[PDB]
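Residue numbers (the deposited numbering), protein chains in the order written: chain NI, 3 to 27, 32 to 105, 120 to 189; chain NH, 97 to 274, 282 to 317, 326 to 445, 453 to 983, 1010 to 1116, 1128 to 1237.
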């Protein structure tokens, strides 16, 4: 359990405690992360992560790096969370053909921040066996009774009409 | 030649399935050698009177089974004795027609009576029948002394019985209980006693002549009198008729196979049952068919023909040549058959040489009921596509009263004793009424069938008053069949009324009658008496005048459910209570729609659905003639309200139901200037609907407007649905269509590689069933329901029985409606579906034995006598055998539901998981097995809508913020929308999109199924649901190090990863945190 901090292919694990629930009875939600290797331009200082947390977004990777910034006395920032298709709505592009699942890409602004945050990532990976109470909990987003019917509500025609006029022009 | 030869291979092998061995007939005929020897020492005693007969038998073991009326010494002048009779063979074993049956049968060992023991006046005053009731107990008195002396009575028993379930001839039965051991053959020996051949005058014993002089015509009393003499001469006809036809016994075996399937045999039908014409009369009709049959004695069946020709032609003669109200059949055993075109208001098969009616055993209630199955079975011999041998006899049609009939009610008959019937029933029952129908089991059997005939009339297809609990056996040391059951002294516990209703007249409120005049006419005299205060003067729509009665409509019972209690109240029994508690609670499982006269709306009342079709037609009326840059050519909806497939009936202003907006697919003119990009395709067609919205916003202020994107297409996120709600309160989801939709889909398949070709093909099926094949099924959905509107009453509730058991989340409504429409186009071997109870019980048994691997679904979208041909339906069979190469057990292709329009089989049933389909059949296996084992009761009737949600690693109980049952149009309401139309979605089902994201992210590790109609499936509040979820089998074992496992898993070691349920339970919990109430974790 706690003795597996570094995998076989090198993926640094992220053990994090789950939040308490009214319908539940220290539960954990496990992620894997390692430095992605590619010669892409905008994918420099980016880490390909495996099995990100529930309802994670760009504010989830800045808050997690924020507690990572307070932990190991480091200073760093995140740029953007790339290709975070948790629902798979961009998993297939049907516009192209007519003309890595459950994984994410957390990109940093610079390699000076990304090397230090990955250095703290292996340091926070050792908290599984050394101090399991020091494992940072995942404050996941919770859908309210208002935003649940927000997909069922009608869209703003001020954004739909002017863009479809731009789609025709 | 393929209709005969493939039937002959299905006939020759099926006769080998029931192949009676010669070993079973060996010890059965050798035990008869011990019966013929022991009877040959049965001596004759002296002649004595009627008074001396009761003196010798009251202190003895044997007792006389005297039928009603018993003999009296004040009217008995003649004598009585026993004699050495001439025993002989008759029936199936004399014509070599017997076969192996598990339930057993009776061997008719006939004993001919001595001719000198009967006087010339033996036919009248029940004289010779008083000899037969005395001599049968006397022969049982002598044989039981002889069989005990041979020590065979340890496993042999003697008791009383009646021949052909007719009480006018007392007889004994010999059997074997668990050298002469016939207990391995299970054949029973019926010690039948018959009189000598025309020992009484056969001309004086015709149907129109009477033998109870104290007269009226005694057709049934002379039937038991005259046919007692024809046991030898008519059997001598079928003895030689077996030698003239090579397949006389083989076709009468298939005649015995077909007649046993529907409850027809040699048992009597005048006593309140179905029967009177079975294996005895069909082999007699096969003798008349192989000796002529025309109207001028021309040929009807051939002598040298095989079993494929003699079996089909006789039942077609039983269907097309009437014998009940239009004509009669003639026969002569002593010379062709020539059908008489005059009827006698009953079945009458004339034996011209023997003067007896061979069809006298069947009443008018049982005569026409076999003819509706005869034309059904003869049509199966006319079909050139489907296999019809299993559809005839190998499928039992007589199992359940709710299966072969539309409704059966328990009307208890607490009639008491016979002398108290002056206050029990309204009818006057004396000796003259009991002259021909002397048995009391038969007297109320046709009377209540005639009293219901004025009650229902043309509202049904037949009449069947069934005597439940009536047997045919009695003890030989007892008098007859006596019982204290049901608080009465009749030969039954009670009676049940069964009929197959025609839906075009079964719920008619205006009970029609004859025309009025200046004086009360004779035709108007009977209808005025039958209704009384219920009969009043009511005019017609076009100006006609007649006496009619208005009935009361209800959402739980039909119009005949009151008249079955009404007509049984007046002239049957004042204390009898008729009730149908099975189909009463069955209609309560459907959604009760919020409209006026909702409880006053019968199941046939479909005016609320077509009234929603008026508003959409008024909605399309502003759309069709409107000028845009591109003109419109097609304005059609493919929604479930116009196809009668919505689970909720269409009520106005109903925002909470999932089938509120009936889907619309519309088309413009043929255009090459459409863009050839998928994102640009829906960008252009929404602009023509934007000006069409701008034409609806300008001068059409009665109808509202809003936009929404339809995410039901995978990988298509540019589509837009136009939501227009009219002033009455009905909304439509309007989507355009052109020739570029299937162009972009098929170009996406061929351009993509071998990796991603499958998902863009299933998403092309999402564009096929919603745009390409949407209107094609919607055209035949409203069309063929005009032959059976009970499919629209059943398939709306069959999904409502499926939505209650967490099955709606994985299957579409079209494949659910085509499942319940299989017993509409192919109702064999049952009757036509005509009720919600008949429609649900037909789907309950058919989905039980629906093996998805061996036999696929090919249902013809054709009305009553458009279907695929023999070459086309065999092409539909080619889709099953090739798909089962790489999907043989139904794990990748289970439900192959095909028709004439979509013979691929996987239109609405592709991409669904196999494990939910395994429980979909298991919920069809356990629900139908509970009906036959524990009976059918309202404890079990609502239990089919009661799911336990077991075998669950996940079970989530939740409750929504606003109960939306009244908002969806369900009357346990909807009157207007808000000022802004965006706030109308605040009263929708929040678990619909909460479970939509559940199957979206966690598909590879969780199997998410849930309810989409929370308003009817919530109980009182209309917002409660439950979701059953199971883990995958591949993610149940340890999975090695990979990237694309797509499973929310944790670390189990340095080498393997496993899906930890702790984060898996919280992931669906942290999403629905506001709906978080309960979650079961195992």
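Each residue gets a CB set at the ideal place from its N, CA and C atoms; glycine is no exception.
Contact with chain NI is absent for residue 779/NH, since none of that chain's Cβ atoms lies less than 8 angstroms from the residue's Cβ. The Cβ of residue 46/NI sits no closer than 8 angstroms to any Cβ of chain NH. With a 10 Å radius around the Cβ and a threshold of 16 neighbouring Cβ atoms, residue 167/NI comes out exposed. Around residue 173/NI, the beta-carbon contacts reaching into chain NH at under 7 angstroms are 1137 and 1140.
Ranking 764/NH, 1116/NH, 340/NH and 238/NH by CA distance to the CA of residue 153/NH puts 238/NH first. Between the segment 616-631 of chain NH and the segment 567-585 of chain NH there are three or more C-beta pairs closer than 8 angstroms, enough to call the two in contact. Rounded to whole angstroms, the gap between the alpha carbons of residue 91/NI and residue 1052/NH is 27 angstroms. Within a 10 Å sphere around the beta-carbon of residue 596/NH sit fewer than 16 other beta-carbons, which makes this residue exposed.
Secondary structure remark: continuous alpha helix (DSSP H) runs of at least 4 residues inside the segment 123-171 of chain NI, in chain order: 131-145.
Look at the segment 861-878 of chain NH: the residues with a C-beta under 7 angstroms from a C-beta of chain NI are 862, 865, 866, 869, 870, 874, 877 and 878.
For residue 181/NI, the residues of chain NH that pass the 7 angstroms Cβ criterion are 808, in the order they occur in the chain.
For residue 126/NI, the closest Cβ of chain NH is not nearer than 8 angstroms. Listed as beta-bridge partners of residue 174/NH by DSSP are no residues whatsoever. Under the 8 angstroms criterion on CB atoms, residue 1152/NH is classed as interfacial with respect to chain NI.
For residue 419/NH, the enclosing alpha helix (DSSP H) stretches over residues 418-431. Among the residues facing chain NH, residue 12/NI is not included, as its CB has no counterpart in that chain under 8 angstroms away. Just measuring C-alpha positions, the residue of 42/NI, 174/NI and 19/NI sitting nearest residue 1139/NH is 174/NI.
Secondary-structure assignment with DSSP links residue 665/NH through a beta bridge to 655/NH. Between residue 475/NH and residue 310/NH, the CB-CB gap stays under 8 angstroms.
By alpha-carbon distance to residue 1151/NH, the top candidate from 1199/NH, 927/NH, 1177/NH and 698/NH is 927/NH. For residue 23/NI, the residues of chain NH that pass the 9 angstroms Cβ criterion are 1220, 1221, 1224, 1225, 1228, 1231 and 1234, in the order they occur in the chain. Contact between residue 711/NH and residue 1113/NH is confirmed by a C-beta separation of about 6 angstroms, below the 8 angstroms threshold. As the crow flies, the alpha-carbon of residue 172/NH is around 8 angstroms from that of residue 145/NH. Between residue 67/NI and chain NH, the shortest Cβ-Cβ separation is not below 8 angstroms. Nearest to residue 80/NI by C-alpha distance, out of 158/NI, 177/NI, 151/NI and 136/NI, is 136/NI.
In the same chain as residue 965/NH, and ignoring 5 residues on each side of it, the C-beta atoms closer than 7 angstroms to its own belong to 937, 1065 and 1068, in chain order.
Burial is judged here by how many other beta carbons sit within 10 angstroms of a residue's own beta carbon; residue 84/NI has at least 16 and is buried. By the 16-neighbour rule on beta-carbons within 10 angstroms, residue 1070/NH is exposed. Identification of chain NI residues near residue 796/NH by a Cβ-Cβ cut-off of 9 angstroms yields 99, 100, 101, 102, 103, 104 and 105, ordered along the chain.
The alpha-carbon of residue 46/NI is positioned some 22 angstroms away from that of residue 38/NI.
At least one CB atom of chain NI sits nearer than 8 angstroms to the CB of residue 1201/NH. Identification of chain NH residues near residue 160/NI by a Cβ-Cβ cut-off of 7 angstroms yields 1225, ordered along the chain.
Residue 119/NH is not bridged by DSSP to any residue.
Per the C-alpha coordinates, the member of 1021/NH, 774/NH, 1167/NH and 755/NH positioned closest to residue 929/NH is 1167/NH. Distance check between residue 252/NH and each of 220/NH, 640/NH, 473/NH and 284/NH places 284/NH closest, using alpha-carbon atoms only. Taking the Cα of residue 526/NH as reference, the smallest distance to any Cα among 1116/NH, 1047/NH and 955/NH is reached at 955/NH.
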